[PDB]
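# Secondary and tertiary structure notes
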Amino acid sequence: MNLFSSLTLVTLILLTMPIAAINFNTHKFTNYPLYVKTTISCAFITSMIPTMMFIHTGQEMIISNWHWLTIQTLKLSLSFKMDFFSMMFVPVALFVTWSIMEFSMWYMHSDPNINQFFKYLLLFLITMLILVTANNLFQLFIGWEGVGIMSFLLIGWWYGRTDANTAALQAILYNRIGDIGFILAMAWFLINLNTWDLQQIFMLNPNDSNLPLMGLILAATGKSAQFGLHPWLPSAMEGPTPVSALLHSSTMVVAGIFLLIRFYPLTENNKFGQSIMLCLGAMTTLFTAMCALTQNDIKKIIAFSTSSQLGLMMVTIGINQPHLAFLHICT
Amino acid sequence: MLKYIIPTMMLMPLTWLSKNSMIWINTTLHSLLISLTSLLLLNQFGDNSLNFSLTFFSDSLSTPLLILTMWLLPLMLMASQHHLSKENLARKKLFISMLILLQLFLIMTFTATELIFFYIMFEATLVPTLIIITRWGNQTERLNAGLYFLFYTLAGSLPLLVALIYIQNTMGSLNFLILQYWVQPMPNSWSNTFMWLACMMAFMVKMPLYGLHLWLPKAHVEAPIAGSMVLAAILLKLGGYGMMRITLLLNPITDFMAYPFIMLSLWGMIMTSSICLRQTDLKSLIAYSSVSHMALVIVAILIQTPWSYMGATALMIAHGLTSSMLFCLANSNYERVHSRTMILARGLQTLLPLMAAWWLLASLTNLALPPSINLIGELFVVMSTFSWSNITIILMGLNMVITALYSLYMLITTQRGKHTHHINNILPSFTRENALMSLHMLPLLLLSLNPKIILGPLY
Amino acid sequence: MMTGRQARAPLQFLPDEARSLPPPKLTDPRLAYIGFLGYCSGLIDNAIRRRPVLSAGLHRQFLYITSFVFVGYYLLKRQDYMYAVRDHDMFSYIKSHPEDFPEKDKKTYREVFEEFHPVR
Amino acid sequence: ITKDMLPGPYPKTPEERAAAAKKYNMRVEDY
Amino acid sequence: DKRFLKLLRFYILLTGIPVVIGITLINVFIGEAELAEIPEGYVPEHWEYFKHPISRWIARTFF
Amino acid sequence: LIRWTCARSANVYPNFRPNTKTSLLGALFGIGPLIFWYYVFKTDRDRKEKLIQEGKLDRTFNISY
Amino acid sequence: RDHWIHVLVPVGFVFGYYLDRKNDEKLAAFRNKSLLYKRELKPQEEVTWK
Amino acid sequence: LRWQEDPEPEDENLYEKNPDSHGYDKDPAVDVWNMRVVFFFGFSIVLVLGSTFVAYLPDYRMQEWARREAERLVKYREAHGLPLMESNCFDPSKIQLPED
Amino acid sequence: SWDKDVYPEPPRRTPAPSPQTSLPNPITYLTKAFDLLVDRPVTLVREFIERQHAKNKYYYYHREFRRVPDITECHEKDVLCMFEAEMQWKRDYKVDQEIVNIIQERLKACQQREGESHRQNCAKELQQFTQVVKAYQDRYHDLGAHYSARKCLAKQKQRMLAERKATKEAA
Ligand SMILES: CCCCCCCCCCCCCCCCCC(=O)OC[C@H](COP(=O)([O-])OCC(O)COP(=O)([O-])OC[C@@H](COC(=O)CCCCCCCCCCCCCCCCC)OC(=O)CCCCCCCCCCCCCCCCC)OC(=O)CCCCCCCCCCCCCCCCC
Ligand SMILES: CCCCCCCCCCCCCCCCCC(=O)OC[C@H](COP(=O)([O-])OC[C@H](O)COP(=O)([O-])OC[C@H](COC(=O)CCCCCCCCCCCCCCCCC)OC(=O)CCCCCCCCCCCCCCCCC)OC(=O)CCCCCCCCCCCCCCCCC
Ligand SMILES: CCCCCCCCCCCCCCCCCC(=O)OC[C@H](COP(=O)([O-])OCC[N+](C)(C)C)OC(=O)CCCCCCCCCCCCCCCCC
Ligand SMILES: CCCCCCCCCCCCCCCCCC(=O)OC[C@H](COP(=O)([O-])OCC[N+](C)(C)C)OC(=O)CCCCCCCCCCCCCCCCC
Ligand SMILES: CCCCCCCCCCCCCCCCCC(=O)OC[C@H](COP(=O)([O-])OCC[N+](C)(C)C)OC(=O)CCCCCCCCCCCCCCCCC
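Residues numbered from 1 in each chain as written, not as in the entry; some residues may be left out. Chains lettered and ligands numbered in written order. Part of a larger assembly, values for the part shown. Heavy atoms only, no water.

In the PDB archive, cryo-EM is given as the structure determination method for this entry, at a resolution of 2.6 Å.

Pasting the structure below:
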């Protein structure tokens with residue numbers, strides 16, 4: 001118990017430490033990108049220990065370590081959830097991010113703002129691990145909006161370009177359309193189950209869950225670029241190749257899929273929500289893979305590839321296989 | 001509350017006896033000392049308000065507005081000392097005296113135990129604000145803006161005077177502490193309908209209500225920077241404060257008097273936000289965004305649930321800091337390009353990177369990025385309005401699209417793109433300006449660590 | 001209103017029964033505000049004649065303060081007297097007319113039914 | 001900038017239309 | 001911009017480092033109070049109902 | 001540019017005439033949606049209140065409001 | 001004093017603070033008389049608050 | 001022609017006469033001391049000591065107390081078999097209903 | 001620590017480590033490294049800090065509010081009594097809020113602790129949660145933002161009139 005929770009919080013605090021280093025600076029750096037790459041590699045190594053001792057016993061816990069705010073019946077706490085989804089996704093995300101940053105030390109070498117770029121990429125990683133480890137909907141919304149804003153700042157990296165700013169504002173627009181449904185779901189759970197924590201949502205086990213699941217499906221449509229709210233992910237290729245490689249292929253865009261996987265005890269008892277996810281995912285994975293057949297920009301083709309795979313993930317959530325969908329994320 | 005009134009009055013001999021190079025430094029120093037002293041008002045209790053005397057009291061609603069009011073004066077002195085550098089010395093002291101007088105009127109507006117003294121201070125705040133707009137505003141339309149700011153407010157407030165004197169003659173008192181215990185239910189009659197309108201329409205104008213907001217995109221625009229800071233950050237919030245004091249007496253008629261006005265805000269925050277998509281004037285965009293944000297506070301006060309009042313007072317404090325910082329950013333560009341047209345100076349992140357970081361932070365707080373208290377107030381209002389009626393999330397969520405879409409457009413048009421070629425007087429960011437941006441943004445970010453102090457009397 | 005009271009003893013600024021009242025203190029905050037009005041009149045009198053405002057004619061400023069405190073002291077005495085006469089007439093009229101001012105039977109809230117209006 | 005270069009009311013006479021077109025820096029046939 | 005950030009961090013740390021050192025020395029050496037039942041006939045002061053010494057000092061000095 | 005901003009901002013009311021077109025567009029776009037959302041939210045809250053005071057709405061864990 | 005102008009606002013606090021304390025003694029009608037906080041006075045105690 | 005008017009004065013640059021200017025005043029000593037006053041009494045005093053004061057508020061609005069007090073009452077009524085909370089806030093013996 | 005009666009945990013049954021393979025797992029070696037490198041120096045530092053605590057022992061107290069008369073036995077428009085009734089009612093309302101929070105923490109901790117069989121093994125916490133939410137809803141719901149003991153008494157009297165009418169029609 002004392003090993004697991006300690007190294008769990010060490011991973012997150014260790015990822016936050018180069019943000020304090022880049023904000024508390026005076027000098028021109030002795031290779032700050034190597035520092036952030038070494039930091040994320042060691043955070044991967046540190047996060048492998050709770051993963052392995054999850055593989056040994058299935059050991060899950062919840063670190064509700066800081067009481068934040070009690071709104072009369074809603075005790076909001078800094079509450080981290082170390083279950084199967086965190087224990088598998090956090091090493092995969094850290095490993096991919098370590099590869100993207102050692103790639104970025106080569107690719108972004110001519111950029112005179114490389115420290116700002118590594119700062120932003122690490123801020124994305126911090127907000128994504130706030131998203132995937134959260135226990136209440138407020139903290140998951142913090143990570144949700146955080147990866148959205150780092151998506152904005154990293155699409156619109158070369159900000160003298162009109163199309164980069166246009167693509168970034170487009171990504172913000174579609175993700176706020178998803179945020180309509182996310183805040184719908186938060187409103188439903190607060191008014192009907194008196195909670196944002198996942199535990200009380202799972203334990204009360206509501207039956208009339210059509211409207212909060214429609215809100216979660218709208219949030220996943222915005223975040224995982226499903227049909228109707230898809231084109232921001234092909235527009236998002238206007239950012240640099242480490243941004244499209246880390247965020248908009250593998251790590252950010254699975255957060256809506258991860259949101260619907262995270263609510264699997266509610267989607268497993270709602271056939272209408274499963275049919276909506278199934279039809280929406282099949283529509284998206286048809287449409288984007290059909291669009292990819294005739295494109296000529298290589299990053300557009302791989303962006304339609306990753307949106308077709310997200311549509312496949314939404315399909316396999318829709319057939320009541322959330323763990324195969326999460327396995328397909330990690331794969 | 002006399003331990004804050006007397007230092008604010010001693011700011012008058014402090015500014016009228018200072019040396020001619022010293023009247024900004026001394027007033028800034030001692031107004032920061034008054035703002036440090038303001039934290040003693042956080043002696044709040046879970047049941048009893050901090051009741052000082054027969055005349056003054058402070059609950060957990062008035063206390064954050066008092067701290068924000070006493071904090072806003074040094075920031076206004078920093079914002080306003082550049083464009084009044086060539087000003088005459090005695091007119092400079094008159095400007096500082098009007099700001100000091102406005103702080104004095106506000107800090108005993110929020111702590112007025114009795115409601116007609118609340119009214120006298122509430123309408124006493126017009127005169128320094130009117131004089132600041134019409135005397136130190138820059139353009140021709142400051143006079144018309146002063147006329148609109150005066151005459152929407154008085155046409156709203158004089159029926160409030162009649163209604164408060166009626167409550168005095170009927171209930172026997174206008175002590176709020178007495179009226180917590182002697183409040184009688186207000187039944188359905190036409191007499192009580194106009195009682196409700198006379199008690200509410202003054203604060204509806206001061207919030208502003210959509211449809212009555214027309215004074216604001218002149219009064220916030222034609223004012224100087226200290227005028228825009230105090231109008232956006234404090235003087236709109238007198239309406240919400242007075243509504244939260246006056247809707248105690250207006251039950252249960254409010255439960256069917258609120259229906260038009262709720263519509264006027266729930267559609268109006270869609271309209272004014274949409275108006276911010278097509279504003280060419282940056283300062284007018286910030287004004288219409290202030291109307292858009294205060295419409296949620298109007299809805300949250302009219303639906304009168306605990307989550308709604310908590311989100312409304314959080315959103316009032318958060319919008320005070322955010323809109324004050326946005327006007328200071330707009331002034332920091334106006335002091336360079338001498339035009340409030342937003343399309344004129346573009347690409348400013350290439351020229352001013354740290355100031356563009358401040359633009360980014362104030363934009364993110366404008367679009368309610370969690371866990372900022374902008375998002376806390378926004379979110380609690382959305383929760384309470386969903387519990388009010390489930391359909392309202394549409395008008396909430398659509399609002400949260402457009403609120404993003406003008407906040408980053410303001411970030412993209414001013415800071416991103418190619419810089420303007422023919423503009424070459426873009427000086428580097430002064431230390432006073434970055435100090436001003438940090439003294440707005442750093443309390444707004446530190447309040448996310450302990451938001452319970454800005455969540456009103458029923459946290 | 002009270003014009004029939006001060007009609008048997010007319011044009012009396014402070015009657016003899018006013019000497020039954022506690023006079024205002026010299027540290028009365030109303031009297032200190034009237035002295036501040038005298039000081040403001042002294043400063044405006046220096047300003048309109050283009051004198052140095054705080055320095056010129058301290059004898060004149062001090063006579064302004066003295067004259068306003070002197071007039072305002074008697075004005076506060078008469079103010080306290082007229083409110084004392086107001087309350088004396090009120091209490092004597094309530095005492096002489098009990099049939100118009102009955103003691104209301106105060107019911108505790110266990111009997112007092114109030115209609116609950118739900119906010120939802 | 002001054003008064004006669006600001007936008008004004010709708011032109012009805014052809015000389016007012018020509019003065020408006022000269023104000024907006026464009027041809028009368030294109031205005 | 002560098003001069004502003006240097007002066008900003010300087011004047012924050014100028015009192016932040018003594019405040020952090022002081023809070024650490026209060027928590028270590030002075031230490032936090034302990035919950036106890038009230039003795040019979042003992043009337044506590046209003047600052048004796050709080051756990052941290054800085055909160056007790058604030059409730060005794062100012063509130 | 002100054003001419004464009006003055007036409008977009010200050011020239012609008014001195015070149016306005018109240019006629020048939022502007023009155024129908026101001027009634028259609030100004031009070032129309034207010035009437036629409038009024039009847040929508042009013043019908044919704046009447047239905048919800050009628051369900052609540054008849055003991056029909058599932059309000060089992062709803063204690064935050 | 002060469003910097004007598006820097007005591008106008010602080011003493012104006014302290015004097016104001018003084019008056020608030022002087023105000024509280026004029027609002028002491030229910031000192032140790034409330035139904036919630038009334039008690040017997042301790043030895044060498046004459047008032048329960050000031 | 002038009003009247004006797006002073007022309008539009010040019011905008012001053014504070015960096016020309018003082019490249020070390022903090023933008024407070026054109027006198028460099030007044031400028032640097034205004035900088036020090038703003039930075040000390042704003043950041044070193046109000047922000048740092050203010051956040052320290054707010055961080056150690058003595059149980060702001062008695063929430064922590066109300067936790068601990070609740071931990072008394074539940075422990076009193078888990079032990080004595082009582083329900084955790086009554087649906088009636090006040091005793092139904094001390095309430096008179098209007099008869100019908 | 002806390003009271004195990006107000007915050008209940010059942011006894012923990014961990015199984016004995018029964019290795020089948022001959023490969024030594026890294027978890028035991030890392031647990032020994034966490035004991036040597038981490039747990040013992042933190043233990044020594046906390047022992048030092050606790051000795052510095054024990055050099056100056058002092059106490060704080062839990063405030064006891066004696067019961068004043070409630071709103072039912074206050075005369076109407078008598079502020080000196082109904083003030084005390086209202087303050088007592090606000091403190092009772094805040095304590096009932098914290099009671100509901102304690103039962104929510106019990107329910108969520110039971111759900112995480114029982115894991116996959118939580119729907120079977122947390123029926124008691126769910127039932128206590130349902131009872132205390134029902135009681136809190138009957139006591140304080142829909143009072144408004146301007147709630148009082150008068151509003152709460154009026155809601156209770158309306159509920160008692162409805163219950164008396166429902167009892168009379170069922171007889
Ligand atoms: C150091 C410099 C820091 C920076 C300085 C400058 C800072 C800037 C200016 C700030 C100005 C003040 C502002 C206002 C704040 C005032 C302080 C306050 O309110 O404190 C509140 C709060 C409560 O303080 P309290 O009420 O005074 O104490 C309550 C206790 O009941 C009573 O306390 P206690 O008696 O129980 O505890 C005593 C404690 C004294 O307490 C303190 O020092 C706490 C006060 C410090 C507060 C600092 C706040 C400033 C911000 C710091 C964080 C940011 C820094 C920069 C960025 C870093 C990277 C993030 O003693 C110690 O610390 C000594 C133990 C050391 C253990 C570690 C080493 C053990 C092994 C050693 C082996 C070698 C020797 C062997 C032989 C030995 C022989 C003897 O204190 C803190 O929050 C402390 C900060 C650390 C919190 C936990 C950190 C880890 C959390 C991880 C999970 C959560 C995050 C997950 C993130 C996920 C991704 C995003
Ligand atoms: C009580 C003790 C508290 C201690 C902890 C502090 C708590 C928060 C306080 C305020 C923190 C912000 C202050 C620094 C940033 C503002 C100035 C700036 O941009 O400087 C850049 C500069 C470094 O850049 P550079 O290369 O030198 O030049 C800048 C370039 O020109 C251009 O630069 P650029 O554009 O490339 O980079 C700008 C970049 C822009 O970055 C972004 O836009 C990304 C951020 C947004 C998306 C990601 C985050 C989403 C939310 C999640 C995080 C919060 C929750 C996390 C916890 C787990 C989940 C619950 O900014 C950052 O990355 C800043 C990192 C921290 C961001 C915090 C959130 C701000 C976002 C908007 C509001 C979000 C909701 C409220 C959150 C409040 C949390 C308390 O920073 C400094 O030099 C630091 C100056 C000194 C900072 C003092 C901080 C404390 C102030 C309070 C004093 C009194 C209390 C004592 C505390 C003392 C602590 C040492
Ligand atoms: C390197 C510098 C670090 C510090 C160096 C010096 C100390 C060295 C380390 C030794 C440990 C020091 C003592 C232990 C620390 C204090 C322990 C303690 O009990 O502290 C009191 C408490 C713990 O909680 P608590 O329950 O005791 O009190 C909370 C206060 N009430 C009850 C009023 C609500 O506070 C902290 O520990 C504060 C720090 C928390 C850490 C995480 C902060 C995240 C901030 C995010 C902002 C936005 C969040 C919004 C969303 C939230 C989720 C929904
Ligand atoms: C910003 C511009 C718009 C501002 C709107 C301001 C509010 C709109 C409504 C105000 C009505 C007038 C004040 C009402 C005060 C009510 C006090 C009271 O006790 O009422 C009950 C009393 C009842 O009388 P009573 O209480 O003495 O009688 C005893 C009780 N009964 C009736 C049962 C016997 O109402 C009245 O006497 C009349 C109230 C209506 C007054 C109608 C005239 C004014 C019409 C509206 C004018 C609006 C502003 C005009 C200017 C616009 C800009 C130029
Ligand atoms: C207030 C109304 C008016 C509004 C404007 C006010 C302006 C005037 C300003 C006056 C002074 C300031 C007043 C407000 C102060 C608010 C701050 C405050 O007091 O906080 C108290 C809070 C109180 O938290 P707490 O409630 O848990 O404290 C526990 C209580 N005690 C200490 C008694 C046991 O302090 C903290 O939280 C300190 C914790 C340590 C410091 C923070 C560490 C984490 C923060 C984020 C770090 C980075 C994480 C990763 C991010 C990665 C990049 C994005």
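Still more ground to cover, so stick around.
### Side note on the site of ligand 5
As a reminder of what qualifies: We call a residue near a given molecule or strand whenever any one of its heavy atoms falls within 4 Å of it. Here a polar contact is recorded for every N or O atom pair within 3.5 Å, except that within protein the pair must consist of a potential hydrogen donor and a potential acceptor, and residues adjacent in sequence are included only if both atoms are side-chain atoms. Computed with a 1.4 Å probe, the accessible areas rest on the Shrake-Rupley method; for each residue, only the protein chains presented here act as cover. For helices the rule is a DSSP run of H or I covering at least 4 residues; for strands it is a run of E covering at least 2, with both sets numbered from the N terminus onward.
The immediate surroundings of ligand 5 are formed by 23 residues, with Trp66 of chain A, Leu446 of chain B together with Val46, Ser51 and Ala55 of chain H found nearest. In this structure ligand 5 sits where residues from chains A, B and H come together. Taking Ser51 of chain H, its main chain carries an N or O atom lying 2.9 Å from an oxygen atom of ligand 5. Within the complex, the protein chains bury 63% of what would otherwise be the 1,300 Å² of accessible surface of ligand 5. Elements represented by at least two residues in the shell around ligand 5 include exactly α1 (2–23) of chain A, α3 (62–80), α16 (306–337) and α20 (431–446) of chain B together with α2 (28–55) of chain H.

### Details of the pattern of salt bridges
Quick note on the threshold: The term salt bridge refers to a pairing of a side-chain nitrogen on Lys or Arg with a carboxyl oxygen on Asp or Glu at a separation within 4 Å. Summary of the burial criterion: residues with accessible area below 20% of their type's maximum are buried, those above 50% are exposed, and those between are partly exposed, where the area comes from a 1.4 Å probe applied to protein chains only.
The tally for this structure, following the rule as stated, stands at 54 salt bridges over all chains. Residues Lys75 of chain A and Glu105 of chain I are paired through a salt bridge, measuring 3.8 Å at the closest nitrogen-oxygen approach. With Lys75 of chain A in strand β2 (residues 74–82) and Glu105 of chain I in helix α2 (residues 79–114), this residue pair bridges two chains. Judged by its relative accessible area of 17%, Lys75 of chain A is buried. Using a relative accessible area of 23% as the deciding quantity, one classes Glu105 of chain I as partly exposed. Within this structure, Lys75 of chain A, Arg67 of chain H together with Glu98 and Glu105 of chain I form a network of salt bridges that share partners.

### Things to note about the environment of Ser96 of chain C
Residue and element names in this part refer to chain C. Following the sequence through the fold, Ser96 ends up in helix α2 (residues 58–96). On the basis of relative accessible area, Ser96 is assigned to the partly exposed category, the value being 45%. Along the primary structure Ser96 and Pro15 are separated by 81 residues, whereas in three dimensions their C-alpha atoms are 24 Å apart. At a separation of 3.3 Å, a polar atom in the side chain of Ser96 contacts the main-chain carbonyl oxygen of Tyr93. Within the structure, the side chain of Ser96 is placed 2.9 Å from the side chain of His97, a separation counted as a polar contact.

### Notes on the site of ligand 3
Test applied: Under the scheme applied, nonpolar residues are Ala, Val, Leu, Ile, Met, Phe, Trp, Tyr, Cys and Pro; charged residues are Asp, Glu, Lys and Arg; polar residues are all the others, including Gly.
Residues in close proximity to ligand 3 include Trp66, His67, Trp68, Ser77, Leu78, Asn136, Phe138 and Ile142 of chain A, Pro371 and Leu449 of chain B together with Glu64 of chain H, which together make up its full environment. Each of chains A, B and H places residues near ligand 3. Within the side chain of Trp66 of chain A, an N or O atom sits 3.2 Å from an oxygen atom of ligand 3. Within the complex, 40% of the 1,300 Å² of free accessible area of ligand 3 lies under protein. Elements with a minimum of two residues in the shell around ligand 3: β1 (61–71), β2 and α5 (137–155) of chain A. For the shell around ligand 3, the element with the most residues is β1 of chain A, which contributes three residues. Per-class residue counts for the shell around ligand 3 are seven nonpolar, three polar and one charged.

### Focus: the arrangement of the chains
Note the following rule: A contact between two residues is defined here by any heavy atoms of the two lying within 4.5 Å.
The closest approach of any C-alpha atom in chain B to one in chain D is 13 Å; the two make no contact. At no point do chain D and chain E touch; the closest pair of C-alpha atoms across them sits 36 Å apart.

### Considerations on the interface of chain I and chain E
Which entries qualify depends on this criterion: Accessible area that two parts lose when put together, evaluated with a 1.4 Å probe and summed over both, is termed the buried area. By the convention used here, strands pair only if DSSP detects at least 2 bridges between them.
Each partner contributes residues to the interface: chain I has 11 residues there, and chain E has 22 residues. Both faces combined, the contact of chain I with chain E buries some 1,600 Å², and carbon together with sulfur accounts for 60% of it. Contact with chain E buries surface across chain I, with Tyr58, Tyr60 and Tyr61 of chain I losing the most and accounting together for 52% of the total. Run the count over chain I and chain E and you get one salt bridge. Note that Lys57 of chain I and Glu34 of chain E form a salt bridge whose closest N and O atoms lie 3.8 Å from each other. Counting every contact that joins chain I to chain E gives eight residue pairs in polar contact. Looking at the side of chain I that touches chain E, the elements with two or more residues in it are α1 (26–54) and β1 (59–61) of chain I. Each residue belonging to the side of chain I that touches chain E can be placed in one class, and the counts come to five nonpolar, four polar and two charged. The pairing of strand β1 (residues 34–36) of chain E with β1 of chain I spans three bridges and is classified as parallel. Within β1 of chain I, the position partnered with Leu35 of chain E by the bridge is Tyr60 of chain I.

### Concerning helix α3 (residues 84–107) of chain A
Here is the rule we go by: An expected span of 1.5 Å times one less than the residue number is assigned to each helix.
Taking 1.5 Å per residue as the helical rise, α3 of chain A with its 24 residues ought to reach 34 Å, and the 34 Å between its terminal C-alpha atoms agrees with that figure. Burial in α3 of chain A covers these residues: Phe85, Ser86, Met87, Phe89, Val90, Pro91, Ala93, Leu94, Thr97, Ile100, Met101 and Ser104 of chain A.

### Points about the packing of aromatic side chains
The condition that has to hold: Each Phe, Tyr or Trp ring (for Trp, its six-membered ring) is paired with any other whose centre lies within 6.5 Å, and the angle between the two planes then decides the class: stacked below 30 degrees, edge-to-face above 60, tilted in between. Criterion for a charge above a ring: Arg CZ or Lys NZ at most 6 Å from the ring centre, at most 35 degrees from the ring normal.
Taken as a whole and judged by the stated rule, the model has 72 aromatic pairs over all chains. Between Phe4 of chain E and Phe39 of chain H, the aromatic rings sit 5.8 Å apart at their centres with planes inclined by 55°, giving tilted as the arrangement. With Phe4 of chain E in helix α1 (residues 2–30) and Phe39 of chain H in helix α2, this pair bridges two chains. With respect to class, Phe4 of chain E is no different from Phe39 of chain H; both count as buried. Through a chain of ring-to-ring contacts, the aromatic side chains of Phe54, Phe84, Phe85, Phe89, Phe258, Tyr264 and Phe326 of chain A assemble into a single cluster. Over the ring of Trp144 of chain A we find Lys223 of chain A; its NZ or CZ atom is 4.8 Å from the centre of that ring. The ring of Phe65 of chain I is capped by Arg91 of chain I, whose NZ or CZ atom sits 4.1 Å from the centre of that ring.

### Examining the interface of chain I and chain H
Listed as interface residues are 44 residues of chain I and, on the opposing side, 30 residues of chain H. In total, about 3,200 Å² of surface goes out of reach between chain I and chain H, with carbon and sulfur atoms giving 63% of it. Considering only the surface of chain I that becomes buried against chain H, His62, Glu98 and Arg139 of chain I emerge as the three largest contributors, covering 17% of it. Linking chain I with chain H are five salt bridges. Notably, a salt bridge pairs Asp70 of chain I with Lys94 of chain H, separated by 3.9 Å at the nearest N-O pair.

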